[PDB]
Structures are given as structure tokens and as C-alpha cells.
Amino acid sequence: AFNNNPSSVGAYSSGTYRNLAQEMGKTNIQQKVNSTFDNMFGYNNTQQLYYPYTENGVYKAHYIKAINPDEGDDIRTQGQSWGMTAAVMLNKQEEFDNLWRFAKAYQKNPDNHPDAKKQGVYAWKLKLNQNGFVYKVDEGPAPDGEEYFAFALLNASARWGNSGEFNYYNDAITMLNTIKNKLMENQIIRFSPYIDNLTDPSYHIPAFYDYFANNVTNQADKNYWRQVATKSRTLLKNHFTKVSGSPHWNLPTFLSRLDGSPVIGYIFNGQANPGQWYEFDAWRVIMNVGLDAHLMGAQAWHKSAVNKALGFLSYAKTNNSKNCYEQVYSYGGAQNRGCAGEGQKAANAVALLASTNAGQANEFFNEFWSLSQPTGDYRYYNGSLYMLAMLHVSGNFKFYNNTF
């Protein structure tokens, strides 16, 4: 049965990881987790997201391919970092190393880049040119990429040690330094080095910062990351307060001010969507809230955030001609951007780790569990989230501490 009374003590502290699929009475859970990884990281061109990169017939590294039928396939730091995270959780070292080799070689902007703001950050969009060779389309970062890179590398160090191809630990501390020095404003993760008073709620994963704090050696840095964790929970608490009821109707948004206020409309040249949209990025917010509740303990705010958000989506489904909740909402209004796909359902399943409604949990979890693994042209985002969710709901997303 679903545990609708999630502990205020986190798995990180207790060592007790929930198996949500087991609570929900599912069988062959680990087999399904294993097959999900195998298909995503197998040469099947079906579920596959993990692809080798070669230069003049010489093998170099691997990348997560952001398949894009409209604008051409590209390569993203989010997908790369999520892929490494999945690999370390399942003890898949070659897959991890191949992805990390690619990121370090090809995504990393040089430390001596003429623009100080780009030094050591990871270029969010790469492509292969007409001759098949990799190049940077956009040198600007997507900062939750660096966050997951640091997280994955710290875990890789803890599981595998640092005497092989990579000193994972040194790579992780370097990544943490880059986040601190390039991607933060007053201990809140940035949307951009070039814009102040701006964050993306989906970049907030408070438990990661607590894990960072426990894996750095010096006192100042330990305190720094603990403060980032607290300020992140505050940001999310404030955001959820601000999106409660009218006019945002309980869904978190794409962009936020540092006080948690949703950004209204457009604010910068190049902006993909209005700030107040619950869209593709925003899907991840309650997933992160679920993560934080599981790993660091469920508090009143976690439960309220998820309960109200899932509450809205259930309501929105009843008022939809297609009997689905949709991928994009603004001010509680459907934006006609399609029925929820696998990624959104996946994110919402992970959110259940903070849910206190067994009925809600049954509906949202079964809708996720009944899905086939993403295939086809939209599988990059759907499939990446599906993989992460499969780990989260099977008790496989764990924090591996380094020893000092």
C-alpha cells in the first residue's frame, strides 16, 4: 500500500530508501528498471538516447542525443548530466565514463575563455556539423546541467574511486567551484550569468546541495552548500506560496524572481516561453520536491506543493475534451500544447514521494507504470525523464557519500 505518511527523516539520514513501485503492489520492478537502462543505452535506434561519437573512424566518447525533428538533432548538457546520473545509480561505469569524457572534452568552455562569465561552464547546445564533427551552437550554460554533473561525479568517486581514467572527485570539486563562481547569485542558482534576480525553479534540488556540503572538505565550503540548501527550500516554499490559488492555480512556473515571484511574460531577447508558463522545465519542479522529500525528509511545504499541483492537474484533466491534462498551462489555462507525454507523467510519479493522497498516488503512479518506454521523435526529453523516474520510484536513486 502507498505510504501516505512520508517520513520527516530523509533516506540520506536513515539509509532507508522507499520503493514506491513496491508500495504500489508492482512486480518485476528491478527487471523493468534494468530494461529501461539497457534500451536507453543500447544500439537499437528505438528507445536509444546514448550514441557513440567518432572522428575519422576513431572512437572518442558518447553523448545523449537530443533528437529534434523540427530544428535538427542537437546535444544538451541536461541530457548528458542526467545520463551520467542514471549510469552511476546502476553501477554502469563505461557508460558513465564515455558520457563524462564527451562533456569534459566538448561541452566545457575553456577556462581561459575571453568572457570570464563563460570560463569553465558547460555549453548547453552542441551539434554535429555537415561533416559529422562536433561544435558549440550556444556557449551559454543550462546551470542544472552543471548541478547534475557535480552530483554524478561525486557519486562516481564514492562508488568507483579515483585512480582510473578520471579523478571523479577532483572533477566534481572543480564543477562545484564553477557553480559557486559562475552560476550563483547570492547562493541561488542562476538562470543566466548575464541576468540578475532570475532563477528557474526546476534548477532547485535542495538535497543535492546538502549532499555537496557533506562531500567537500573545508569548513567554509561545507557551510556554503548548507546555506544554498536552506535558501533553495526557501525559494521553493516562497514560489509555491506565490503560485497557490489565483492566478497561477497551484502549478510552478518556468521563471521566478529570487523572492519566488513568477516572472510575467517576456523579459529578455531569446526567451523561449513566457515566464509564468508551467511548461517543459516546470514539469521537473514537483519531481524535485518529491526527490527532496524522499532524500531529506517530507515537511508540510513538500506535501502542500505536490498535493495542490497534482490536485490541479487532476481537475484540469476533467475539464479537457481529450480527457488528459496538458503539457503547458498559464494562469491555470490550457495552452493547447498537447496531452501529457511520458516525461511529464514520469515527473509527476516522482512527486508522489511527497504526496499524502493514496487516491492521487494510485492514479498518477498507474498512469506512469502503464507506459511503454519512450520511442520516436520526442523521446529525448520524455525518455530522459522516464529513466530518472524509473530510478526514483524503484529505490535506486541513492546518495553515495565519499569517505574522508
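When you see a residue number, it is the position in the sequence shown, counting from 1.
**Study point:** Of 112 to 120 and 92 to 100, the one with larger mean CA B-factor
**Key:** Between 112 to 120 and 92 to 100, it is 112 to 120 that shows the higher mean C-alpha B-factor.
Practice item. Identify the stretch, either 317 to 325 or 146 to 154, whose C-alpha atoms have the larger mean B-factor according to the entry. Key: Result: 317 to 325.
**Study point:** Criterion, highest CA B-factor; candidates, 72, 79, 201, 290
**Key:** That would be 72, according to the entry.
Exercise for review: Place residue 369 in the lowest, middle or highest third of its chain's C-alpha B-factors, as listed in the PDB entry.
Suggested key: It falls in the top third of the chain.
Practice item. Just say lowest, middle or highest third for the CA B-factor of residue 212 relative to the other modelled residues in its chain. Key: Lowest third - that is where residue 212 ends up once the chain's C-alpha B-factors are sorted.
Practice item. Pull the Cα B-factor of residue 50 out of the PDB entry and bin it into the chain's lowest, middle or highest third. Key: Its C-alpha B-factor, which the entry lists for residue 50, ranks in the lowest third among residues of this chain.
Check your understanding: Which third, lowest, middle or highest, does the CA B-factor of residue 388 fall in along this chain?
Key -> According to the entry, residue 388 has a C-alpha B-factor in the chain's lowest third.
Point to revise | Chain-relative CA temperature factor third for residue 340 | key: Top third by C-alpha B-factor.
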